[PDB]
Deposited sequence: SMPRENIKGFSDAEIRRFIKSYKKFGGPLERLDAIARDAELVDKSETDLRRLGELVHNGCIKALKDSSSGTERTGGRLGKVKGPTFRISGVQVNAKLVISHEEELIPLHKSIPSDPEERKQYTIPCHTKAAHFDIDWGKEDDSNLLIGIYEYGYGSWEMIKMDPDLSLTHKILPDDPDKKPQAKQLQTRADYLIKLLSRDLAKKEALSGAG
């Protein structure tokens, strides 16, 4: 493939940060510093990762050029993101307005952190990938630039607090999806 082993490794690290990654190849390329690559080359590599995991899991490993891919690890990351993929709108206008529909416990960032901040953190994780805290901070529309990752390393929320909060919010989404499925009677 028209990629180096180092480029394949960056692609796989970024692929693991999203749900439905084959529909997020430009966000993956941006995150993996592969913006220069063609849409056809990105689609080909993404489908090698997607199809490789299916073949290995129908732990198990597979190769992409000289890179060894842990199929269980990719899919464990994808499973953790299922509630986010199912909850956040794919439509951009709708996504901008997304609000978490359930009550959230206090964040304890020693700051004002409310429902809209939780909502924008989840939109940022959808847009930039799980763990892409600097990219979410740099987004000029999510209103987190002057809230997250303070310059002062003793002030919250730093990456640790964002990871804790994000994991809590994604678990809340999982519980909410199950409750809505049970209440509606629609599987």
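Student: How would you list, in order, the spans of the deposited sequence that the model does not cover?
Tutor: Going by the record, the segments left unmodelled (no C-alpha atoms) fall at 1 to 7, 66 to 82.
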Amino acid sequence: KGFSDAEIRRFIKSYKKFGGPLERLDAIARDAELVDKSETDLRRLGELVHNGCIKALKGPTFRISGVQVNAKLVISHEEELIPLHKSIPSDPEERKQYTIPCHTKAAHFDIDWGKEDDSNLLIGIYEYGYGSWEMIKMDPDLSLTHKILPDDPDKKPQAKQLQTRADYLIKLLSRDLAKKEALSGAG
From here on, numbers count along this sequence of modelled residues.
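Student: On mean C-alpha B-factor from the PDB entry, just flag whether 47 to 55 or 143 to 151 is the higher one.
Tutor: Comparing 47 to 55 with 143 to 151, the higher average CA B-factor belongs to 47 to 55.
Student: Out of 65 to 73 and 154 to 162, which one has CA B-factors that are higher on average in the deposited record?
Tutor: Higher mean C-alpha B-factor: 65 to 73.
Student: Which one of 31, 118, 134, 36 shows the top CA temperature factor in the record?
Tutor: Going by the entry's C-alpha B-factors, 36 comes out highest.
Student: Ordered by C-alpha B-factor within the chain, which third holds residue 79? Give me lowest, middle or highest, please.
Tutor: Lowest third of the chain for residue 79's C-alpha B-factor.
Student: Compared with the other modelled residues in the chain, in which third is the CA B-factor of residue 42?
Tutor: Highest third, going by the recorded CA B-factors of the chain.
Student: Compare the C-alpha B factor of residue 179 with those of the other modelled residues in its chain, then answer lowest, middle or highest third.
Tutor: Lowest third, going by the recorded CA B-factors of the chain.
Student: Going by the entry, which third of its chain does the Cα temperature factor of residue 9 land in?
Tutor: Tercile = highest for this residue's CA B-factor.
Student: Ranking every modelled residue in this chain by its Cα temperature factor as given in the entry, which third contains residue 90?
Tutor: It belongs to the middle third of the chain when residues are ordered by C-alpha B-factor.
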